[PDB]
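Please read the structure below before turning to the comments.
Number of protein chains: 2
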Amino acid sequence: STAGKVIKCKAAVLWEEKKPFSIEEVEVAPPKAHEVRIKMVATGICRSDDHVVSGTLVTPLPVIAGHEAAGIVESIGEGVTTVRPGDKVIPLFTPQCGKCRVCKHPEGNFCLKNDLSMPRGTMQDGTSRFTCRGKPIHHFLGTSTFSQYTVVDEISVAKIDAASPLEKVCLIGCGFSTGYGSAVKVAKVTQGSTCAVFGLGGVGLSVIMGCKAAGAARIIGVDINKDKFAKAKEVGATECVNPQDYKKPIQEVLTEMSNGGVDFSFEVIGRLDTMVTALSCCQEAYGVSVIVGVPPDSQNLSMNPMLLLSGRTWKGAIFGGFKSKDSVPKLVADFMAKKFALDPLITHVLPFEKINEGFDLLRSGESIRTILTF
Amino acid sequence: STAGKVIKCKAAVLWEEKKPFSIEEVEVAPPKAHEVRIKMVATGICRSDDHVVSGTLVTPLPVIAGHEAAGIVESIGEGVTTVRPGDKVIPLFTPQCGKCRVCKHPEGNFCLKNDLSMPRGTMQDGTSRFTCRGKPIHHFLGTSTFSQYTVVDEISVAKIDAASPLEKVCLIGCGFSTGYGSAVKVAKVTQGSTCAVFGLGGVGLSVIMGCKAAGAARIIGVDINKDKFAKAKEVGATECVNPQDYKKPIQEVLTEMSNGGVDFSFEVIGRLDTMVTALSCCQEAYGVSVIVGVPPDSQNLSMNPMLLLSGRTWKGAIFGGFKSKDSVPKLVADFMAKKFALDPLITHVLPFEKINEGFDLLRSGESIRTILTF
Ligand SMILES: NC(=O)c1ccc[n+]([C@@H]2O[C@H](COP(=O)([O-])OP(=O)(O)OC[C@H]3O[C@@H](n4cnc5c(N)ncnc54)[C@H](O)[C@@H]3O)[C@@H](O)[C@H]2O)c1
Ligand SMILES: NC(=O)c1ccc[n+]([C@@H]2O[C@H](COP(=O)([O-])OP(=O)(O)OC[C@H]3O[C@@H](n4cnc5c(N)ncnc54)[C@H](O)[C@@H]3O)[C@@H](O)[C@H]2O)c1
Ligand SMILES: [Zn+2]
Ligand SMILES: [Zn+2]
Ligand SMILES: [Zn+2]
Ligand SMILES: [Zn+2]
Numbered sequence: 001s002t003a004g005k006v007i008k009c010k011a012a013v014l015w016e017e018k019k020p021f022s023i024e025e026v027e028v029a030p031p032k033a034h035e036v037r038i039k040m041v042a043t044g045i046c047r048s049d050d051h052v053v054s055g056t057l058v059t060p061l062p063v064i065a066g067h068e069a070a071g072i073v074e075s076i077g078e079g080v081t082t083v084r085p086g087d088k089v090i091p092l093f094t095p096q097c098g099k100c101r102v103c104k105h106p107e108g109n110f111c112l113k114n115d116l117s118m119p120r121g122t123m124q125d126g127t128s129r130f131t132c133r134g135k136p137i138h139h140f141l142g143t144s145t146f147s148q149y150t151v152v153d154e155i156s157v158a159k160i161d162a163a164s165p166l167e168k169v170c171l172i173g174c175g176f177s178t179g180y181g182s183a184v185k186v187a188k189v190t191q192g193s194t195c196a197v198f199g200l201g202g203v204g205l206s207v208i209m210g211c212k213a214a215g216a217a218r219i220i221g222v223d224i225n226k227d228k229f230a231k232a233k234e235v236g237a238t239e240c241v242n243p244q245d246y247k248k249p250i251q252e253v254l255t256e257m258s259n260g261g262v263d264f265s266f267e268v269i270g271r272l273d274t275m276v277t278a279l280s281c282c283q284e285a286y287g288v289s290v291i292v293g294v295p296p297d298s299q300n301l302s303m304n305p306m307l308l309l310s311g312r313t314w315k316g317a318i319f320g321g322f323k324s325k326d327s328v329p330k331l332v333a334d335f336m337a338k339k340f341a342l343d344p345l346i347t348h349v350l351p352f353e354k355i356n357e358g359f360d361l362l363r364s365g366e367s368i369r370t371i372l373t374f
Numbered sequence: 001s002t003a004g005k006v007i008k009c010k011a012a013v014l015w016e017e018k019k020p021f022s023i024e025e026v027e028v029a030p031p032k033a034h035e036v037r038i039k040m041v042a043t044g045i046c047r048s049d050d051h052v053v054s055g056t057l058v059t060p061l062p063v064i065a066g067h068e069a070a071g072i073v074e075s076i077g078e079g080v081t082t083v084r085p086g087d088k089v090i091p092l093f094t095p096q097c098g099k100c101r102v103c104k105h106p107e108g109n110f111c112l113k114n115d116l117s118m119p120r121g122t123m124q125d126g127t128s129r130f131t132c133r134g135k136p137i138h139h140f141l142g143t144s145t146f147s148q149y150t151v152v153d154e155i156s157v158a159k160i161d162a163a164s165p166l167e168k169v170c171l172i173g174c175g176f177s178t179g180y181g182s183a184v185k186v187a188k189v190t191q192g193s194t195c196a197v198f199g200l201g202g203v204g205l206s207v208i209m210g211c212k213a214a215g216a217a218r219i220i221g222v223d224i225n226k227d228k229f230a231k232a233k234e235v236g237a238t239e240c241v242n243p244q245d246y247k248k249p250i251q252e253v254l255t256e257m258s259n260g261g262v263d264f265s266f267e268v269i270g271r272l273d274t275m276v277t278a279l280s281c282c283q284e285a286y287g288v289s290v291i292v293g294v295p296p297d298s299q300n301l302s303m304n305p306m307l308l309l310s311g312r313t314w315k316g317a318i319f320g321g322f323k324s325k326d327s328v329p330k331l332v333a334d335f336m337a338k339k340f341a342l343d344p345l346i347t348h349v350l351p352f353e354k355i356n357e358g359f360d361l362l363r364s365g366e367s368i369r370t371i372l373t374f
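And the structure:
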């Protein structure tokens with residue numbers, strides 16, 4: 001039994017920006033009150049984990065990254081009531097405390113206990129459960145899933161179906177839920193509408209899935225890598241366009257194609273220029289544009305507010321607008337009942353020990369999601 | 001008899017930017033097919049008319065400005081079916097053709113026949129009905145209400161109750177409808193919510209009226225002119241703040257006052273900086289901010305898109321989101337049935353010959369709405 005004891009295990013530690021991960025031994029403390037220690041089973045490689053390496057997404061270093069994952073509870077701290085040893089779980093990078101003004105609001109999901117807005121890289125109590133080479137290591141988004149074992153606060157974990165295939169449903173911990181919810185919950189895509197989706201990676205393909213589920217008549221995929229078009233069409237895109245093929249700006253192209261602007265547009269990349277382009281291509285009187293991508297830290301965009309005065313709506317969201325702990329178990333149940341598919345997002349599988357090759361695949365443009373198995 | 005003949009009458013001509021209006025004789029041609037010639041009875045002085053003088057709003061000069069008014073039909077051109085000679089009418093600076101994609105959409109109101117996006121300063125047929133000293137004079141937003149007689153396209157006029165008081169209901173042609181609709185239709189203010197309103201002129205006071213009608217619990221007025229506060233409280237503000245009284249940015253003040261950000265905020269001034277401040281002060285996960293003010297031509301704002309990624313919604317609108325020809329007659333009927341008040345907006349009632357004095361009252365901070373009577 002390991003309950004109440006320190007666990008020594010392997011993790012992928014990031015000591016420095018712009019360097020490979022280091023797979024080495026870490027010490028994982030036992031859970032304190034209202035904490036849960038999880039044996040990880042599978043984790044996806046999401047572009048936000050790469051943003052930590054590139055310095056796009058700022059969080060304290062050294063760190064154990066990873067936020068899209070699934071595993072099995074090893075032990076629970078005092079007072080935990082929502083999970084037990086042996087349960088299958090998904091860590092929640094957006095917590096759901098259930099008690100703050102956001103958690104009590106009908107639409108809000110960005111719980112005030114989050115570690116996203118002004119990151120500390122700690123547990124809720126301001127301390128760390130990890131040491132490596134005798135030095136304390138930061139957490140990432142309260143989850144730190146690039147480790148054989150992690151410790152999370154109870155408000156950052158959801159119990160899921162015991163029969164769930166963890167190597168698939170890890171994607172409900174970030175990319176699938178974010179893109180799908182951005183379409184069905186945040187934008188509220190309507191039947192018969194025209195949508196434009198900028199960026200055709202795992203999250204943008206999930207936005208396409210949600211637009212098709214909502215009954216859109218036209219779904220235009222936009223990417224500078226034409227090798228992403230075939231899979232976009234498989235999951236519902238009706239047409240795809242590469243901005244590099246055109247002499248005019250793509251907002252003009254899209255407005256012409258849609259006979260005056262699209263109903264719904266989505267930025268699913270992380271660039272300031274494509275956020276403004278995506279807003280401009282929606283119809284000026286009644287269009288809606290949703291920002292999903294994460295841009296380089298602390299940088300401001302420039303835009304003309306007359307784009308809004310005519311009638312456009314501009315919004316963003318984290319995790320598809322879903323209240324995390326209520327929604328994740330229901331999304332897994334819907335997956336088990338074949339209400340949506342996850343296999344189209346999975347292009348590569350590797351053992352955890354080959355995490356750096358998995359990041360190389362993402363950076364080269366070759367992969368959508370690589371799933372790592374422990 | 002004036003029907004079918006050129007009319008000579010007085011108008012306020014603006015020959016160049018940054019000069020007083022010239023009150024002099026103009027010639028007004030008879031209406032062509034699908035056009036309506038109107039004898040003006042009352043017109044309000046709105047800040048957007050002043051924006052033409054100051055160069056904030058670019059439109060072809062020389063011009064007859066004025067867009068908030070009410071009058072009586074003098075004659076109709078061939079083919080007109082919606083008004084007749086002797087009817088009371090309000091000119092519509094946002095048209096409603098009924099046939100374009102926007103007019104057919106459930107939410108949109110920015111009809112594609114508008115002269116707001118890329119102003120030509122003409123009738124729909126690309127010509128002008130006004131001459132002055134032998135020279136052609138431009139129209140303004142298809143309305144040109146600063147003249148004893150004007151000619152408007154049929155899609156730019158609504159028939160209203162024959163018993164309505166024209167010296168009051170002229171406000172339904174711009175300021176009342178814009179502010180009220182921005183609250184009740186565009187933002188969709190909810191019962192029990194907290195609202196912040198930036199700018200306490202005629203339009204901002206109308207936003208307050210709409211927030212109170214919608215059941216808001218708290219309505220915080222924001223203005224650098226504290227002389228505006230008493231009237232704001234009379235029409236529903238619960239508190240008023242002056243940014244110049246504080247050592248920290250007003251977005252921080254308003255976030256603290258609202259225990260973490262307001263539900264709804266409104267920019268009703270026309271400044272880039274207050275547009276970004278108003279967005280920032282709404283709650284980061286579920287707040288909504290609406291731009292109503294018109295800022296200086298061709299100038300971009302700078303903002304951090306993380307303000308939207310957390311969950312905020314940013315939108316703007318023209319004319320409160322109301323489909324103009326359908327809505328104006330109903331708003332007049334609602335006024336006649338005592339559903340809202342217009343008197344609180346009116347501080348001064350002057351003859352038309354005093355237009356320049358009326359603009360000086362607005363610029364000095366001393367008036368809300370001056371109504372000019374012909
Ligand atoms: N808001 C949230 O809650 C949330 C959660 C999921 C991920 N993220 C963000 O979502 C974004 C997408 O993540 P992903 O894992 O799908 O990434 P990804 O890298 O797999 O996909 C991005 C796609 O954008 C395309 N692209 C890059 N530059 C482009 C340009 N200039 N024009 C057009 N296309 C361009 C790429 O070719 C690529 O296919 C990232 O910024 C990530 O950080 C946000
Ligand atoms: N979107 C539309 O359809 C629409 C229709 C109505 C008018 N407009 C615009 O609405 C705005 C308001 O019009 P109005 O007639 O009520 O104007 P107004 O001049 O009567 O009122 C503006 C108010 O803003 C306050 N103000 C100015 N600078 C400020 C600052 N830095 N901080 C705080 N308060 C400040 C002033 O003291 C004043 O009370 C204008 O820009 C006008 O052009 C837009
Ligand atoms: Zn919470
Ligand atoms: Zn992610
Ligand atoms: Zn129309
Ligand atoms: Zn106006």
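Which chain is which? The protein sequence lines are A and B, in order. Just so we're aligned, residue 1 is where the first sequence starts under the deposited numbering, counting upward by one. Just so we're aligned, residue 1 is where the second sequence starts under the deposited numbering, counting upward by one. All C-beta atoms in this analysis are idealised placements derived from N, C-alpha and C, irrespective of residue type, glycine included.
{"Asked": "Going along chain B in order, which residues have a C-beta closer than 7 angstroms to the C-beta of A:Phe110?", "Found": "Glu284, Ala285, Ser310 and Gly311"}
{"Asked": "Report yes or no: do three or more beta-carbon pairs, one from the region 43-62 of chain A and one from the region 95-104 of chain A, lie closer than 8 angstroms?", "Found": "no"}
{"Asked": "Which residues in chain A sit within 8 angstroms of B:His105, going by Cβ to Cβ distance?", "Found": "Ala285 and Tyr286"}
{"Asked": "Any heavy atom of ligand 1 closer than 8 angstroms to the CB of A:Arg47?", "Found": "yes"}
{"Asked": "Where do the ends of the beta strand (DSSP E) carrying A:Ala278 lie?", "Found": "Not the beta strand (DSSP E): A:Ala278 falls in the alpha helix (DSSP H), residues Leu272 to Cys281."}
{"Asked": "Can you grab the Cα-Cα spacing for the pair B:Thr190 / B:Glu25, in whole Å?", "Found": "50 angstroms"}
{"Asked": "Label B:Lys330 either buried or exposed according to how many other C-beta atoms from any shown protein chain fall within 10 Å of its C-beta, with 16 as the threshold for buried.", "Found": "exposed"}
{"Asked": "Could you tell me the alpha carbon to alpha carbon distance between A:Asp223 and B:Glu16, rounded to whole angstroms?", "Found": "48 angstroms"}
{"Asked": "Report all residues from its chain with a CB closer than 8 angstroms to the CB of B:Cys132; omit the five preceding and five following residues, and keep chain order.", "Found": "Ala11, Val13, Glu24, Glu25, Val26, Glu27 and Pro62"}
{"Asked": "Can you name, in chain order, every residue of its own chain whose Cβ lies under 7 angstroms from the Cβ of B:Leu307, other than the five neighbours on each side?", "Found": "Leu279 and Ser280"}
{"Asked": "List the DSSP bridge partners of B:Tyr149.", "Found": "B:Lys39"}
{"Asked": "Between A:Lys99 and chain B, is any beta-carbon pair separated by less than 9 angstroms?", "Found": "no"}
{"Asked": "In angstroms with no decimal places, state the Cα-to-Cα distance between B:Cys9 and B:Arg47.", "Found": "25 angstroms"}
{"Asked": "Tell whether a beta-carbon distance below 9 angstroms holds between A:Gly77 and A:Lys32.", "Found": "yes"}
{"Asked": "Does B:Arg120 come out as helix, strand or coil in the three-state DSSP assignment?", "Found": "coil"}
{"Asked": "Inspect the beta-carbon positions of A:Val36 and A:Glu154 and report whether they are closer than 9 angstroms.", "Found": "yes"}
{"Asked": "Please compile the residues from chain A whose C-beta is within a distance smaller than 9 angstroms of the C-beta of B:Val102.", "Found": "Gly260, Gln283, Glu284, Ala285, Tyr286 and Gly311"}
{"Asked": "To the nearest angstrom, how far is the alpha carbon of A:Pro95 from that of B:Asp115?", "Found": "49 angstroms"}
{"Asked": "If I measure Cβ to Cβ from B:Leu205 and keep anything under 8 angstroms in the same chain, skipping five residues before and after, which residues do I get?", "Found": "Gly179, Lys231, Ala232, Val235, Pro344, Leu345 and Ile368"}
{"Asked": "Comparing the C-beta of B:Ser117 with each C-beta of chain A, is any distance below 9 angstroms?", "Found": "yes"}
{"Asked": "Does the Cβ of B:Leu112 lie closer than 8 angstroms to at least one heavy atom of ligand 5?", "Found": "yes"}
{"Asked": "Using 9 angstroms as the threshold, is the C-beta distance between A:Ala3 and A:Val41 below it?", "Found": "no"}
{"Asked": "Which runs of the alpha helix (DSSP H) at least 4 residues long sit entirely within the region 177-217 of chain B? Give them in chain order.", "Found": "202-213"}
{"Asked": "Can you give me, in chain order, the residues of the region 302-331 of chain A that have a beta carbon less than 9 angstroms from any beta carbon in chain B?", "Found": "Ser302, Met303, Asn304, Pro305, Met306, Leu307, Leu308, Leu309, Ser310, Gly311, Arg312, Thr313, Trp314, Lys315, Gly316, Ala317, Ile318 and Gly321"}
{"Asked": "Quick one, are the C-beta atoms of B:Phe322 and A:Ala285 less than 9 angstroms apart?", "Found": "no"}
{"Asked": "Here's the rule: buried if 16 or more other CB atoms are within 10 angstroms of the residue's CB, otherwise exposed. What is B:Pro85?", "Found": "exposed"}
{"Asked": "Would the C-beta of B:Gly320 count as close to ligand 6, meaning under 8 angstroms from any of its heavy atoms?", "Found": "no"}
{"Asked": "Please check if any C-beta of chain A sits within less than 9 angstroms of the C-beta of B:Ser298.", "Found": "yes"}
{"Asked": "To test your reading of the DSSP string, which unbroken beta strand (DSSP E) runs of 3 or more residues are found completely within the region 224-308 of chain A?", "Found": "239-241, 264-267, 288-291 and 301-303"}
{"Asked": "Kindly list, in the order they appear in chain B, the residues whose Cβ is closer than 7 angstroms to that of A:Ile219.", "Found": "Correct list: empty, because the minimum Cβ distance to chain B is about 19 angstroms."}
{"Asked": "With 9 angstroms as the threshold, decide whether the Cβ of A:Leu272 is near any Cβ in chain B.", "Found": "yes"}
{"Asked": "Hey, out of B:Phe198, B:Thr43 and B:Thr127, whose CA is closest to B:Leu92's CA?", "Found": "B:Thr43"}
{"Asked": "Please list, in chain order, the chain A residues whose beta carbon lies closer than 9 angstroms to that of B:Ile291.", "Found": "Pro305, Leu308 and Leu309"}
{"Asked": "So with CB distances below 7 angstroms, who are the chain A contacts of B:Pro295?", "Found": "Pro305"}
{"Asked": "Nearer than 8 angstroms: is that true of the beta carbon of B:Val276 relative to any heavy atom of ligand 3?", "Found": "no"}
{"Asked": "Kindly indicate which three-state DSSP category A:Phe93 falls into: helix, strand or coil?", "Found": "coil"}
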